[PDB]
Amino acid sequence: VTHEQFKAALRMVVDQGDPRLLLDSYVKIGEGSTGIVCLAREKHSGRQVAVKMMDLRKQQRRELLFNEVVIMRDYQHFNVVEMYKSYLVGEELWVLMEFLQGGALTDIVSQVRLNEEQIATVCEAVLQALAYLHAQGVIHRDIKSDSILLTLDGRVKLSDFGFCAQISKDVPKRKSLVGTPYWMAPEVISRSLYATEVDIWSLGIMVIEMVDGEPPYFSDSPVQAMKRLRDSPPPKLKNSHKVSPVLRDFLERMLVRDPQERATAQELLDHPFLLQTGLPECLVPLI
């Protein structure tokens, strides 16, 4: 398929027109796997927006750009990023989304140590989003702290839908090597048939990010870390001695090699660890 044919197929999914003259105050706030994210402002309303800008020509797998629009188009939820509009702008896909002033969990975790109340609050929000998406047959495949954004008041929102898979009656499982190395489930790494369970493993690795500050094997190269995850018992918290038994139990139900024995999102929502959640306000001091 030529670039022009791909762009034409993608055009069927975006809103028509050129958005440029409707926006001002373009400021870059983040780089990404598929493109840049800029803060901007609408003229007619004055509303701040995040504008993700992605070049159709420079993608690992350009078909995944459809996911940058379709998932948020199809799926709305309290803990899922809201999309306003999308456009084709020259040779770029632009996706306009709610501005989340708290930024990404990654930049909190590298800077300040979350307590267990905060970890529980983050996990509960992410699990609500995942329980919902999983029930619609969406496998996120890129759960990690970078995918998690915070509102000003400490509301947690799932983002970064580019790697999503939408399963179906005819294709109920995927087999493709998709994810970010250190967070990928062993069954994805082994190119086994897999489904929504892979997100629960990745969430477990994110819990390790929140406790230790880094995923397991982070000092290894991505391929070496993947071989270790493929071949080893589940990875352990460096700071296992610092965490409550209940958090330990919660994590051990996520980092289970056997994908069928691994807890579902819905099951984790009923876990005693999440009785430790705080009000969204408990994350505001991180922002």
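Residue numbers run from 1 along the displayed sequence.
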property	result
Residue stretch of maximal mean CA temperature factor, 85-93 vs 203-211	85-93
Stretch with the higher entry mean CA B-factor, where the candidates are 12-20 and 269-277	12-20
Peak C-alpha temperature factor (PDB record), options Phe250, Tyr26, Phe218, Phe66	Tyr26
Deposited CA B-factor, highest of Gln60, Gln224, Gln260, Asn239	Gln60
CA B-factor ranking of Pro186, expressed as a third of its chain	lowest
Position of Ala195 among the chain's modelled residues by C-alpha B-factor, lowest, middle or highest third	lowest
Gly103, C-alpha B-factor rank within chain (lowest, middle or highest third)	middle
Lowest, middle or highest third - CA B-factor, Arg113	highest
Entry-reported Cα temperature factor of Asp142, expressed as the chain third it lands in	lowest
